[PDB]
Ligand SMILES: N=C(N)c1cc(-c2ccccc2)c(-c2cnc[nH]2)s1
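In structure tokens, one chain follows: the form deposited without the ligand.
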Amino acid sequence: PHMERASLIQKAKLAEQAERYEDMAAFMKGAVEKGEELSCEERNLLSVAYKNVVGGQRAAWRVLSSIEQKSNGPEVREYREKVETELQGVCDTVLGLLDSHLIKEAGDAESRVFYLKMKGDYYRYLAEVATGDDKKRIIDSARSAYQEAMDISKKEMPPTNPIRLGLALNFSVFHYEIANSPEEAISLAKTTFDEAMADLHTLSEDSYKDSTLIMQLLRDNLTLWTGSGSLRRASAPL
């Protein structure tokens, strides 16, 4: 390690505690640029930082795009465009770090799934706002990243692993919202849930909370997408 890198990682941990996500992101970018492999803890810092930064831009873009769609003055279009351009710049930064530093085709496989999933996520966020001729390319870039990640996770991780579950949840969202394949989405989400449910006896104690949380999100999306809400209430199985 570089010690600049060690100091930047320490400052990213301080920025997380302080809920200063743009600083956290800047510190984690700097750390990625000052070294090779990130540890599991350091990969999560990078992801949390940029998740929170784009999360707010995406939430804003949705509000503005919703106002623009209903009002159809030039201020809404212009401001929606400002937020959109800013969001695109963050996604380009994350995708640049992944391609130039983090994604290693001959590296550790588990870390390769995390980054390839992250590459699919940030191309998917670009696809959420893309309306040009470039849209098809963006959608395909996200699909390839997720497909490459899915292929590795199936060979290398158990079906209860939270990175593998997270990956399948996000790729099903991609199918539903982006690729307009709601049936593939429902299918993948049901398969992921059922394969993880069958392998619950081999769930390690540390993965328990993260895996069951993501399995709940899969079940929540399945209910939303199939219209399984309004069905009869459940009582205990025993």
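Don't overthink the numbering: it's just position in the shown sequence, from 1. Rigid core here is just the name for the largest C-alpha set that superposes within 1.5 Å across the two forms.
Just so it is clear, the following notes concern the form solved in complex with the ligand, a form of the same protein that is not shown.
Participant: Go through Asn44, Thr202, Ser66, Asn180 and name the one with a heavy atom inside 4.5 Å of the ligand in the deposited complex.
Facilitator: Of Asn44, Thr202, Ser66, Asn180, the residue with a heavy atom within 4.5 Å of the ligand in the deposited complex is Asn44.
Participant: Spell out, yes or no, whether the shortest heavy atom distance between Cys40 and the ligand in the deposited complex is within 4.5 Å.
Facilitator: It does: once the ligand is placed as it appears in the deposited complex, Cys40 has a heavy atom within 4.5 Å of it.
Participant: I'd like to know if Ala145 sits close to the ligand in the deposited complex, meaning any non-hydrogen atom pair within 4.5 angstroms.
Facilitator: No, no contact at 4.5 Å.
Participant: If we define contact as a non-hydrogen atom of the residue within 4.5 angstroms of the partner, is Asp92 a contact of the ligand in the deposited complex?
Facilitator: It does: once the ligand is placed as it appears in the deposited complex, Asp92 has a heavy atom within 4.5 Å of it.
Participant: Would you check, heavy atoms only and a 4.5 Å threshold, whether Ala149 touches the ligand in the deposited complex?
Facilitator: No - in the deposited complex, heavy atoms of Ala149 and the ligand never come within 4.5 Å of each other.
Participant: Mind listing which residues of 107-125 have a heavy atom within 4.5 Å of the ligand in the deposited complex?
Facilitator: Contacting residue: only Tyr123.
Participant: Superposing the core, which one of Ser65, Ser181, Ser47, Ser207 shows a C-alpha shift reaching 2 Å or more between this form and the one not shown?
Facilitator: Comparing both forms, the shifted residue turns out to be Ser207.
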